[PDB]
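When the chains are written out, they are named A, B, C, D and E in that same order, and each has its own residue count from 1.
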Amino acid sequence: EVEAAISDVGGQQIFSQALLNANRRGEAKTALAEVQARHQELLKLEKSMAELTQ
Amino acid sequence: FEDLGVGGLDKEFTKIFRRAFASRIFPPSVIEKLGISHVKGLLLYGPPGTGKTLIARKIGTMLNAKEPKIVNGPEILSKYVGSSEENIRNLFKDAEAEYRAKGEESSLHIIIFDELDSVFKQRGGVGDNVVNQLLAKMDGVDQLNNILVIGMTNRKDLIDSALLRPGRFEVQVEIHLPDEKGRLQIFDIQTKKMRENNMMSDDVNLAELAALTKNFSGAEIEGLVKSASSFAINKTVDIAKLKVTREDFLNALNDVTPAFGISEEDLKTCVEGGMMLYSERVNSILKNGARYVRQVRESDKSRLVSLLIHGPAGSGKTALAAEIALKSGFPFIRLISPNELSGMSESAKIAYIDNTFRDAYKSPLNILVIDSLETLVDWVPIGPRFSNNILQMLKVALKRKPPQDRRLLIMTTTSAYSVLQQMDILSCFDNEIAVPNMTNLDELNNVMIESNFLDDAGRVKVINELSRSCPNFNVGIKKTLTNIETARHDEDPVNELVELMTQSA
Amino acid sequence: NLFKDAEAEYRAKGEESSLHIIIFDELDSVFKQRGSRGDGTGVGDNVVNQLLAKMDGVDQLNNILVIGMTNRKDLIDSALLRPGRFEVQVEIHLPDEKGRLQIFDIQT
Amino acid sequence: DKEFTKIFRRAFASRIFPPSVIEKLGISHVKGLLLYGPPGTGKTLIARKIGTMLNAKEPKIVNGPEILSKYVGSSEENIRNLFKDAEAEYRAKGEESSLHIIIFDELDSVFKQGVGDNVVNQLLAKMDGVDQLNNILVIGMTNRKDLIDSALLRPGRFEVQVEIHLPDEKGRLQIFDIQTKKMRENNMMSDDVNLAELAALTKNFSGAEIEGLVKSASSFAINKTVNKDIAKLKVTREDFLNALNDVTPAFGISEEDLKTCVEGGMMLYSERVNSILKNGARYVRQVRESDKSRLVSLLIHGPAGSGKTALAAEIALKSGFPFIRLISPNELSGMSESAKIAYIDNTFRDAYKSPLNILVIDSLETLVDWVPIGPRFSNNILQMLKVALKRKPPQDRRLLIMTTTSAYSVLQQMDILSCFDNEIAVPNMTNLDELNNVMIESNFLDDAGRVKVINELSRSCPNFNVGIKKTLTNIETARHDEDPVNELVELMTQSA
Amino acid sequence: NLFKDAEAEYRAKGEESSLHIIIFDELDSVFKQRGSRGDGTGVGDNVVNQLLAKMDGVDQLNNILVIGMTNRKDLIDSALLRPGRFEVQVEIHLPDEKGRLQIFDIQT
């Protein structure tokens, strides 16, 4: 007559992935992309003070 | 008690008030000086649709508790591991919080479970975890005595043994169907908006209405009244005097079908072909049935009777049972036949039958009919084969006396007597009625005049031909009626009716 | 996470640490005989075995007291009742007459 | 139109009355309506049109999957944002507030049995309980009714259920005209195209795939053109007829097999055939005429190969009733037991839904799975049939059932013979004249051959006794080997 | 971002627009049936919804043919398989003997 055939229900697991804040944007965001123009200024101090020391 | 909207339930409120609230009413100085905790659980049980939700709700308002938090049984389950039980845990959070914060001056909380037996079966799968989770928290290591939990169920005899111990579910209460006084009070409460606002005529006497309605469940009375009012207003469409008179009430009363009442429709269908007394036996049979009905109604000790009717196939057995039933006037009537049960699974059939048995014990007065036995038992002679379990269900059922003063008559029918003795079941039955088929010509005469088969010439000639031809006439009524119709709608009565009728006997 | 505070004190103040107590209520729901039932996903074994590893592992403790309460002694897993883990087992049973008298006394 | 009157009379009556009596009495308005049916029926049309017809507010159309929101928790904010206007209008006026209708395309999409759960909680919270908003009416619809969460399925919530339907002749014809308008005006259909017969072709089709058909026939016309004759572009029936092969429906029809069961044709080789046919005609008349005989059962039995199914099918086809179907073992192959029982049950339920009906069951033993060794057989199916055959249909409805069999003695053994009203026997032919009739009807040999066959058989085989099937196949096989008698007579002789 | 160019050009020039074609090789990667569960981060839903918005309510963009290549039809949302969206489905099965000969011809 009868027996077993399909059984369980209460039993499962799940992993979990993750995205990230957008503002993050490219690494260049404050104190990163400005270092290009901040360097020309610093080269200006170096120079103007080279005039100073000479 | 009755100042609030609940009629007929009197003892229950005395008991509940005495046991539950007599320790929350007095000033805490006293009861603290007394040193007793509070009851922390309640189980009230009964048939559906009796007003259990209502009583549960009103209790909270009486105590000025917080708004009730509600949940229903089967929804608790989820299909992930341990969230089915997380939900059970969530419910007590706010009570915990307010207890820790305030202390002993916190305001009482209320929780309502619905259909408790749907999950909380005896333990020993998810089920054990659920039962466990509720136990460990209902009364745990940390004290929490500002809460109250209410339980609602139909089957008390299936809940796990541990929840019913003094400490978790102390007070057990039963809710039964309304009595006559209950019905009268129910009408009084329900028809208050109509009464003061003056849209009920003065002719309607609700006491008569109460008397007329028996085994009405207490919810459906609302259905009746709203239907009647809707009927009246729809009939109107004028704003002279919108009055509801008795005719609306009678109409709506006629329309509605209670759940615990007569199932007229299938019985009328059962006897569709009519009852004509073509011979002398019929009278006697019906007299027997009436006698037994009286014996059931009047006695005290014979609270149950089992009565069997049997005879040859096609003898028209079931119709007599339906007739006897319909001429009795009892409030509760149901019919079990193979027709309903067709297509179901085995477990389904046993469940159905057993439900149908248990319901009757509630009502004061009941008759219950079984259409055929070998068919239900799945008999087939080669081997032979049949289902043992259903047989045992029936065998056990036919001895169970009603649990209380309620009363029951059981009627059953079969055509296979011999098999039943070879089964060793015959001891179930106290008394027997026999239904043989016709063996005479004058009986043919009576039936054919009643059917008005043809004019007298045809009638006389056919009885003469069968007199001279068939000496030992013997058939049941089924073939007689169907053959008569066949001859009628066919040609030349001698050509077929006589020939068929010989070929059948 | 139940053991963190205990170990933390043990490492710092070696012997003098105060006693930590942890109570398990209903031990018999999660810690069954490992391997018998159809786990399906294989969670129960992990719970049991994690507890085994921590209770008396390669790193010693001498601070902790653990309590367990149940109705069905027999179903608990076999290895946990080894002395050194759950050493002393006690039976609570229905009281006789003198017990009942004492209960009445101390209740009222 | 019947739904058009049910909903009007039953549901939508309370709002008509002066609002004062409704507030005073306490009567509560019907709230929830579920339209359900297969895709493509145009349900969104009726849903909009009910609102427009009843002079209700302008609906909010919301898609099913669109309820699922990007942000966690914002779906529920949307659910609560929707009702603000109706709730405020109710606050301002109350009993005089206008009727607000909300239409939910693909309700099942999100309200399945954790955003999709909070939305359930959230709707359920506002829709009943603290609120008594009898102006927020809702009209949901779903193609798949089973996925609805049981939490919502209770009285007072979605109380009225409405069935949708599929195209009729004049409706499909009118939509055909509607689509063809622009082309028929501009003289670019060949006049030979008759629209009505195209409707007669398209039986299980809905408008969008009608457009598919039109575009396809056009594309074939294009194919004819491309390997400056644009003036000759005219869509001809052969484009449309050829295009019929590409598109496909999602329906099924079974009438065809009750037509293929008589593929071999009738030959009327003997008089008893005619007698039987007359009897069947008599019985169908009997059913049609008498108001009391609402259930008639016949049994047809005979030796294997005598020919039993074709006869019943012939009776049924000459009957001409609205509803005819067939149960044969062929359809039931490959399933498990619990599935055969359900299939049979469904078919029986489907036959009670028309004034006059005919039903035919084939070769009972195979349905019961009889084998004589044990004997073994499946009892449950047997008892299913036993109870089914004796059920009087619901009031005013009439059936006529014919069942064919070939193992009468076994049938006698199970004691089921009581279920039938009248029996018919079908013996196979035995006389050589009948062979001659069949033979001339088979026009396989010339006159001389058709005489020599009977001459040879008369002197070899007095008792003929073979089923017609064997005769037909024997003729067929003999036509290739040796057309002369010197094959067929012998082959019949081993078949004698 | 893919649809911008053709959109702009079309919007400007009306119907003169040159026909633009886009082909997704290996479509079944991400367009699984949107009415699905597993309840991770819902990006796998948003994506398909986006395409559908740009594909059905095109707002009169009639110079685009999107071609999908797959090995297994079944995986895909039925909500892409409907009129107005992926109408024609072409099955390409194993070659015959004559085609086998042409394949030799071309390879050799």
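In the analysis below, a residue touches a chain if its C-beta (ideal position, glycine included) is under 8 Å from a C-beta of that chain, and two chains touch if they have at least 3 such contacts.
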{"item": "Any chain that touches chain C and chain B", "value": "A"}
{"item": "Both-way neighbours, i.e. chains that touch chain E and touch chain D", "value": "none"}
{"item": "Whole-Å gap between the CA centroids of chain A and chain D", "value": "61"}
{"item": "Gap in Å, rounded to a whole number, between the CA centres of chain D and chain B", "value": "38"}
{"item": "Centroid distance [mean C-alpha coordinates] between chain C and chain A, Å", "value": "46"}
{"item": "Touching two or more other chains - residue numbers and ranges from chain C", "value": "41, 43"}
{"item": "Multi-chain contact sites of chain A, meaning residues that touch two or more partners", "value": "11-14"}
{"item": "In contact (per the touch rule at the top): chain pairs", "value": "A-B, A-C, A-E, B-C, B-D, D-E"}
{"item": "Of chain D, residues touching chain B in the complex", "value": "13, 16-18, 21, 24-27, 151, 286, 289-290, 292-293, 338, 341-342, 345, 375, 379-380, 382-384, 386-388, 391, 413-415, 418, 421"}
{"item": "Residues of chain D touching chain E in the complex", "value": "65, 68, 70, 109, 114, 208-209, 211-212"}
{"item": "Chain E residues touching chain A - in the complex, by the definition given at the top", "value": "38-41, 43"}
{"item": "For the chain B and chain A complex, residues of the former touching the latter", "value": "77-81, 84, 125-126"}
{"item": "Residues on chain B engaged by chain D in the complex (per definition of touch)", "value": "75, 193-194, 197, 199, 226, 229-230, 233-234, 237, 239, 242, 313, 338-339, 342-343, 345, 375, 378, 380-382, 385, 482, 485, 489-490"}
